[PDB]
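Trainee: Structure incoming, see below.
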Amino acid sequence: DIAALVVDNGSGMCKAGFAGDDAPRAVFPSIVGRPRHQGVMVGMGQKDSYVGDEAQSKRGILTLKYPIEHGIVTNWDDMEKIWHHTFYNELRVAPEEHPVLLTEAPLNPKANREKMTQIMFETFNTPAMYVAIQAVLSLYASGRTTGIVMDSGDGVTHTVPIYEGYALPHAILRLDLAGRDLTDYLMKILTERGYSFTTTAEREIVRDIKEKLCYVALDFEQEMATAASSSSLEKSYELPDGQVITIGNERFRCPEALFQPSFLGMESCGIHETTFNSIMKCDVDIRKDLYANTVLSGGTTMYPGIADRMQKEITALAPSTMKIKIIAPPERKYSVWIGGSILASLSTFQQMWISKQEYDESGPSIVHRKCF
Amino acid sequence: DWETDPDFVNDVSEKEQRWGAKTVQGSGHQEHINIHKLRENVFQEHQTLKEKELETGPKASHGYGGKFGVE
Amino acid sequence: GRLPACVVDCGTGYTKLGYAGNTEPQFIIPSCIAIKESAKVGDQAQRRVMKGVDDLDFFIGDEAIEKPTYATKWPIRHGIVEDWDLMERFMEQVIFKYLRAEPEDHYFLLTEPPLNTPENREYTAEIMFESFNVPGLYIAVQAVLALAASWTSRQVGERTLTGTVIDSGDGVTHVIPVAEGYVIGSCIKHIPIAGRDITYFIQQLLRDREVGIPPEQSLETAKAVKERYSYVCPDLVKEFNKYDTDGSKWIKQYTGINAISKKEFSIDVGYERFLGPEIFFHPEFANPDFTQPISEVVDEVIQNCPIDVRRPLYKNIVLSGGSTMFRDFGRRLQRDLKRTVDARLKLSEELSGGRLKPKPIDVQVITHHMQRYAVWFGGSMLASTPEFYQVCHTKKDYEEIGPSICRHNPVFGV
Amino acid sequence: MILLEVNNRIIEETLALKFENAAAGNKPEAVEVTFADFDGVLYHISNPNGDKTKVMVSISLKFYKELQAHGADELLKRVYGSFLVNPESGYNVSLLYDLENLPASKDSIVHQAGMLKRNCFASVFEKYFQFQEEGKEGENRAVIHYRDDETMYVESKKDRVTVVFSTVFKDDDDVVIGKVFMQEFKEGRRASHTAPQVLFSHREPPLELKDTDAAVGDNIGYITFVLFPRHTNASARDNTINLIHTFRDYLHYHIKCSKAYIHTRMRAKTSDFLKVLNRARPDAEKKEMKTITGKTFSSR
Amino acid sequence: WXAXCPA
Amino acid sequence: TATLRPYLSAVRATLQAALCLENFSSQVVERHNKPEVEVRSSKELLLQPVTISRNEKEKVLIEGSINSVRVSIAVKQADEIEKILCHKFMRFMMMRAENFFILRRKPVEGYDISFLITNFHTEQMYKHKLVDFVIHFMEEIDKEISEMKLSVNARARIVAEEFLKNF
Amino acid sequence: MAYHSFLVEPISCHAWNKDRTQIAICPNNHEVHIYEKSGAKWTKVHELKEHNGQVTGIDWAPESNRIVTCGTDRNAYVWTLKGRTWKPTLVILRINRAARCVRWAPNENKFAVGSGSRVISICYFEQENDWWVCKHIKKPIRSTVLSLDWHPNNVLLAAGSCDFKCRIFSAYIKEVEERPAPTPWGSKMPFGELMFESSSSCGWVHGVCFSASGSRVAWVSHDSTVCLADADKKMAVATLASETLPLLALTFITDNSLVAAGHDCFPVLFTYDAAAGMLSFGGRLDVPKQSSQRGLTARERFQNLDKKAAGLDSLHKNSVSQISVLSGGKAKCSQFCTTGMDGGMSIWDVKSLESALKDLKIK
Amino acid sequence: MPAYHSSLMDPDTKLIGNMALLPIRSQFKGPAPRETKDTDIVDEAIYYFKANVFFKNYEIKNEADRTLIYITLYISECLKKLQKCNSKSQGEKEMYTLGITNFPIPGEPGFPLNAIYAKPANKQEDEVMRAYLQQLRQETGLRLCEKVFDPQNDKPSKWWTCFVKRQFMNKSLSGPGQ
Ligand SMILES: Nc1ncnc2c1ncn2[C@@H]1O[C@H](COP(=O)(O)OP(=O)(O)O)[C@@H](O)[C@H]1O
Ligand SMILES: Nc1ncnc2c1ncn2[C@@H]1O[C@H](COP(=O)(O)OP(=O)(O)O)[C@@H](O)[C@H]1O
Ligand SMILES: [Mg+2]
Ligand SMILES: [Mg+2]
């Protein structure tokens, strides 16, 4: 057996570890900081780019930039910085001795995975790598070979239906709507109360407010009429400088955008209707088995009371005789990584690597042949 | 020690390379010859070389008179 | 009547096909196979089962590098066949498409490196005897045939049967001392450092420095840079200094064509002119396990042979294989060997007391007209004699004993 | 490669190389290349009496006598013109290219020089195609000894051309697989709406071989093609001749690829049995994580 | 992205 | 299957009457520890070789000992094609005889396959699972060889169709 | 009563001290591992490493606290506890093949090593030279000596062999003890004498054991048969042919009842009826335990769906190879320890076993 | 064939710890004596650097070899910082502020070769070693800033910044790959 690094490195937060464990060894936000003021105190040591948790702690004087947006790498230098910090600082392991199992969302541009392979082979000199689809790993982590995975990360949402292992590639529905859009929408709607977060350092504060207070309402209109007729839903959060703010109606208005993107000015259907459409695109003989094996993942599906909402919404769209099960495990946020460690620890997986030798003779165009 | 040449290039097509390169001033497609004649000639010449290498080497049969001589 | 025997020298980077009795191989193709490969999951023995007749949709040789939609696989690595499915398909198109030989009317003479495991010979015998049904097979060591290729370029009366053959191919470099026609097998040396290691080193050098090389050709370039601007240096640090102080003369330019848009890219060939071949006299540059130069390995090879056949072995060091076609390779080899030999002789004279000054050992490195295919022609000699049909393994011998008939070679005793 | 090809690669390569060397203006070098082909055919490209300016390509066949019959050189002459010369001693047909009188477009003569064996065969075979086209019944029917133990009995009638292959394989494994490959040969006429009537027999020889010396026996198989005037017309007889010529070699080729095909399924089933054995090895409680090379991890 | 959406 | 049920029951009951192995150091050599049925050095550590046969030409020969068991299987081979396929398949099984820890690189003369289960294989690996593997091989080998035969037939038909299509 | 698995590899042999607070086992290698009972858990306290091959016999003298170990390196060692470490004294066996078993004498003055050289080595001390010397019993033996057990009178010695025979030799050493008293086995007892030799000619003899009073000798065969020879009845043999797999070890819990074990992994009990001269299958001692199943996780489900596409109802999952009597002696035993080829060590109890099964009567 | 060792050890050369306190031709302060001959240890290290990075076995023969090993390890740190600059007048400032930066010395965590480097025995030897290493660093950076930067475009020549990935025996004075 061999130890193979599993680096999820989805948008939002990079989670890297070793294959064979039950939790990623190092999880840190994938951001890169740059100082935006003069240095005046010489002799204390300075750096020109902070990465990960260090960039988060010093966010007061930095311009946080995400290298990945909507599941696509848009700045490769910062991506290389993130990978270097993951390899040599978080895991503290030599990357030229271990295989690497990276993940990519479905229906992304091929140049993305091509440049990913080129970077991982020509910069870090990994002896072998493999680019897997996130939802397939999420299904691995759930310990079943049939079901529709509904993975809603921080920058992209997508559903993949699989039956007996034979994934249907013609019913994979992708939707560029995830935690970052919800964070921006919360930043927008927080003004009407009276609070204004406008700089990229305060977007982190808004994200913390979202992931600590926001939740999904089972019946949107009833909850609106309730929180608009009584002060029993307002919650108070303390900013990092002593100020306290109180949010009421906004609490469930942020995640509700997932179920009706008309708030964000988008035309696409909600995530529930997206999952239902993905199911309905499959053949008629497997739908009943998909309905009872719906799986959630990603940290955007960690909103309190989203499983019940998804069940109540799909049950309204599916025939009255199909049983709808929303298999949402309480370890959903790390599921995409957990399935990876399961995969990279298998025996036959050693025959699915992209060996460094195989790349040295064929360039980056080999990932489209060795990895679907 | 021996000096090198900076401006030496033996550009050859991969197909030209498979037969030879301009680093050896004779390599490439050679004139077809008879192989059995070469084999027998090499055998006979090795035999003749062995005979003279024996004649010019130390001889145990040197003291018995005649062509060998008396020690 | 008899038909000429087929000779198939299967090397790691190139395979030479021909009919015995000619002067040069009829075909020299790359040892690669283009098969249809897609994104699948499961083991390798399971995704290789092709339905219908789809296992015959493959190409080999020159026709396998042109195909841009096929996946090109190399079955032979370091001279040792690591894949037998691809090797069987390669052999079947070698026999039925290029040679056009009916494999039941021709004796076959294949080749091998010295340290080929016996199971590889058994699998080769199983393939040629049960699948292709050859009437006879003979698996000769590769470098020992390369000795009988230097006789066509040397004057009459000095074509000897004794010499040290140095065969440096695409995947392996082996040294074989032949004396009076008998392979001294217990002294053969075998190093898996060869041309392809030089090509990997050169591409890693180019990729750390140059820009503009298309990735899908980063290897194809490092071959055109290696087999064109590469030479041997008498000293390493002095050459680094010669390139640093007068770069305007020692730094060359290589202009290639990007075979997708037909544009032209230009790169600067600098240190990799002399650092490529230097992994021959410094094998740690490419494989940190070996640390011994090639001159010292040749000296150990010759110093392990019997005593009275040491002086002729020094006189007929015959180079072979493509990787020895580097300018002034034989010169530096002979210089180092002469240094070693003269130092040893002076030490022996000093220890003797200083009464006799022995004959200085003549050291010669023989470059000849046939190096690129020196092995094959050798085979074309051996497989053209009558005695050949007395040393082959007849079909009866296989039908009686089994593949274990091919288990022994002159590198190990008993 | 599924269907065997009819053009020899060594002839084309050697002649194209010689013609490129001559067209560029270089002085001609010696050439002496002997080789073989299917069905025991022997080629020899050399120079006549050390004359390095002429290249003579000679071929020795197995249907030695059928090609010497009167009228068996119409096609050879028609296709090769002045290149056809007297046979070299020991060989049967011989072309002679003068490297100084080569016409332009050197690709056509090399494309027709690589098909020397196919043309020698089609020359001794179009005789019966013509005997059938000209509307004459009972024309000459012969037995081409295209191999040394197998025969091809050709007969031409008023309305058809019957070709009976008497074939037998040398190796025992090849015989056992060839029985199957020849039994299943009548199931091919379901792949095309126009395929010649094929009949297979190994109990007894057909009634065409009762007055002739075609090879018969209890280990030989008989395959009868009935080529009708829609397979032997002046527009689709090239493909028909190619197929009737390379039929036996194609069957042999695919018999020898069937084994390399079966080996993959056998490896798959071997792995499937190894997976059933694996249920006997007790799963370890803790494994030490290693590296791609296999050395200790050196870290957590 | 290049066309449609930013990325 | 259901036509091999009594034959396989007898073979399985004879397998776990042997395979009661113990550690034993050699007697005819100083410190070697070798399987006593392979060397045949001492005639006191060798049990009776028992044969279990379903008909004339399908059988299992079991040779027991104190620290080793040799199980040779002679499989059903109806015609020549099944004989060729059985030979090639057993050969492709021998090729990987270190992944099969209980296998033998060469079958006993007269028999098609042979397993050699020493005492280390019953101390480090489950004994009942080894018995189950042998019985499963004996169950499924005929079926797999028949599927090989059908594959050969299909290949022949496809080759015929690929030829006769060009006319 | 408990079960403790020291390792996954077999245990060749084990030995307890006087107060049954320490155990010496063989981890299936050259070392000898001495564990100590600390509350409810075991903790390894000593490692004895002097052998070249794996040990095959360990025995612990209770009164003197000296260990004896014989292995496949044709050597024997006597370990004495100096202060805090066990120091070995080498014994010269003079055999030319691997040793197989070792047994201290009841009085701890000599010990018997049965080897595969077709001899038995009776080793004793020479305080005139501090020299561990040995004599040889080699006449009627024709194969390996597998098991040994001493008579309570410190002289006679039961030995089973691979020559299908159980024998009772006389290991009298006339330089460490006095002439012994006449026993119902015979009055003439010189060194190397043959007092009894069974009539069996089928199956090896894996284990022999003398009675608590030294008047009966029982043994187990690979032929599945358990036999008992009585000396007060003209040395009469009572045999019982079992219908299970063979046995490897046995002991005398009373003067009438035996506890055997073997390739079945569970202990069985036999009884002897002196008024009739015939053995009776007392029955299985262990109650068949129901091994709880565990639900599979997703990592283990895929791990054994990719790799491989309890069956036994006893404490031991492999054959039991050695049975010793913990407390109570052989006249009335209350605890017996079993060690097998699965690294486990089962401390049984006679009272609890007799309580669990009421169809189980101990004669 | 062996790598390129230094040939400056003299029987009267003084030692610091177990490193040859070799004289150096420089202007910075330090405990090393001044050199009159045209080649000091730093010139030799910069001469042998480009070749010593490709070898993978380096036998320490004397203490001058340990000094040359340190300087070869530090040139790899100078190159990492000079790769980013775009003007020799900035490369000089970068090399000064790097030479000032205190790197680990023998016997401290972070020094890659504690096993084969004798740490100081007391405080005075510690201080002398610190000053000596600082002088070595400063002068090596000063000499290298004139090699890396070519006068044709006044920016780091690609013939020197291609050795940024090449580590001398995979060791470095900085962190493990950071
Ligand atoms: N427990 C939670 N409750 C509510 N929101 C959460 C929770 N965990 C994460 N989120 C929000 O979900 C967003 C995206 O999830 P994340 O797991 O970061 O995607 P990815 O897996 O691609 O990194 C985050 O910005 C975070 O604010
Ligand atoms: N003229 C040359 N100079 C340097 N290297 C060469 C030359 N010709 C071939 N090579 C190298 O040698 C290898 C091919 O030579 P060859 O003797 O055919 O090896 P093999 O027979 O093992 O394939 C290739 O790796 C190629 O790069
Ligand atoms: Mg995710
Ligand atoms: Mg070669």
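What you see of chain C is 3-416, where the numbers are those given in Swiss-Prot.
If you're wondering, the header gives electron microscopy, 3.3 Å.
Using N, Cα and C of the backbone, Cβ positions are placed for all residues, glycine too.
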Trainee: Which residue, chosen from C:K53, C:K244, is annotated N6-acetyllysine in Swiss-Prot?
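Mentor: Among C:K53, C:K244, the one Swiss-Prot marks as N6-acetyllysine is C:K244.
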Trainee: With respect to Swiss-Prot, which of the residues C:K42, C:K254, C:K317, C:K398 bears the note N6-acetyllysine?
Mentor: C:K254
Trainee: Of C:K228, C:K240, C:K264, C:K348, which does Swiss-Prot mark as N6-acetyllysine?
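Mentor: C:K240, according to Swiss-Prot.
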Trainee: Around C:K254 (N6-acetyllysine), how many other C-beta atoms are within 10 angstroms of its C-beta?
Mentor: 17
Trainee: Measure from the CA atom of C:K244 (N6-acetyllysine) to the CA atom of C:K251 (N6-acetyllysine) and give the result in Å, rounded to a whole number.
Mentor: 9
Trainee: Determine, to the nearest whole angstrom, how far the Cα atom of C:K254 (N6-acetyllysine) is from the Cα atom of C:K244 (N6-acetyllysine).
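Mentor: Taking the Cα atoms only, C:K254 (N6-acetyllysine) lies 14 Å from C:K244 (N6-acetyllysine).
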Trainee: What same-chain residues, at least 6 away in sequence, bring their CB to under 8 Å of the CB of C:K244 (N6-acetyllysine)?
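Mentor: Result: C:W252.
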Trainee: Using a 10 Å radius around its CB, how many other CB atoms surround C:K251 (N6-acetyllysine)?
Mentor: 11
Trainee: What is the Cβ neighbour count of C:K240 (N6-acetyllysine) at a 10 Å cut-off, with all protein chains included?
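Mentor: Counting Cβ neighbours of C:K240 (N6-acetyllysine) within 10 Å gives 13.
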